[PDB]
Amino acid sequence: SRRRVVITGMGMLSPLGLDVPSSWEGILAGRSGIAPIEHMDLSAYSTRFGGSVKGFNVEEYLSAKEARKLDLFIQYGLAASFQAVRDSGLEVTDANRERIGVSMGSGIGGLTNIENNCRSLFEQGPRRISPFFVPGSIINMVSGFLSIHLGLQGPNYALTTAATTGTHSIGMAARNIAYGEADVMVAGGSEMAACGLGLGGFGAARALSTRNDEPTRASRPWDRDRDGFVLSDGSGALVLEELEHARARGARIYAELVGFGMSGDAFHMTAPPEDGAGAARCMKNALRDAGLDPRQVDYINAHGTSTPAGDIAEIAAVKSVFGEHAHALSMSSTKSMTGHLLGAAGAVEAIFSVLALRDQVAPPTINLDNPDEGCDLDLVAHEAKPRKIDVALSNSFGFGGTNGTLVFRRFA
């Protein structure tokens, strides 16, 4: 290709806000989005807190008719997608609608809806399943409903790669544009796994923090007292656009997407190898894709989930890739504040990466009181750090050892 890809529009729901500016304000203030869960009774569970979207009003986006048919993960993905498209200023016409597609994924999809239809099935039999159960619960219906609501006729699909989803969604959408199969893609991810099955499922694996006494301190990536991830909900969407297309309509450009890498660990179903060899291969692939040397990276938005094995692997991988420069770049985990948004994590963190470029500021890793053995990089502990950022990398790693990296650059 010679086709450059830029970001023209962003949208988000997160535990820190109902839109990108409100969430980013929270990020730069070191605010926690984590609180006891209000929407179900978790008094019998080992983890009773997480990152909820607070005060979401679906009727800002959808009729009550439409919304009642859709699982919350679809509601969230559509909210982020609609926010991003509005933010971009793009006008969809007959001249361009075939060139505009969508790639919004989810890691687990409509778990709450499935749980509710299961209850109906078991209590009252299969005729009590909703007729809207399938199209309201399956992962590709963020892409599907968005394309229908906006008349988008370009490439229409959905990734599901666990915690990597939102990163792969964005990366593969950028490939579509570079290849010429679209001029614009709305890409990202959404998740709402905070139901009994979800919390129970992650809890049954002993994967979650159980710091119920201080939920805001629970997510502490690279801290020696970390004890598992914090489950969070929400969504992130970006409008990706071919550069000449964006220039021709006078779009506001946030940043350029210059590289995308993937790898597989081929190691274990849930733990990475302790040296993060797969993550290293992934990061190198993304830099090679971008035509960048490691020394050109200024900011890493780490995956950094607050797990024992995961966090130290990612340090090892950054040291392996970056060598001495690993001590010059700034690296932080915004999951310290947002928790782990699962399929949406990579989408929200890409947005935070783009804003780090816009605002020339590395967001903090809050709660990093006692860095663990070998966690001796600049992890932007405690407080946001204004600094020079030309290039920002964002990593996501997922169950199965599936890895993704995005590389963004200031646009000039």
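Just count from 1 along the sequence shown to find any residue number.
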ask   = Taking only the CA atoms, which stretch has the higher mean B-factor in the record, 282-290 or 85-93?
value = 85-93
task = Averaging only over Cα atoms, indicate whether 161-169 or 302-310 has the higher B-factor in the PDB entry.
result = 302-310
remark   = From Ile366, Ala362, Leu355, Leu62, the top C-alpha temperature factor is at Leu62
request  = Using the temperature factors in the entry, find which of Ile34, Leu377, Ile351, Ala344 has the highest value at its Cα atom.
outcome  = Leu377
message = Ranking the modelled residues of this chain by C-alpha B-factor as given in the entry, is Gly398 in the lowest, middle or highest third?
response = lowest
ask   = What third of its chain's C-alpha B-factors does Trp222 belong to: lowest, middle or highest?
value = lowest
message = Where does the C-alpha B-factor of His325 rank in its chain, lowest, middle or highest third?
response = highest
message = Going by the CA temperature factor in the PDB record, which third of the chain does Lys335 belong to: lowest, middle or highest?
response = lowest
note = By the entry's values, the third containing the CA B factor of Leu121 is the middle
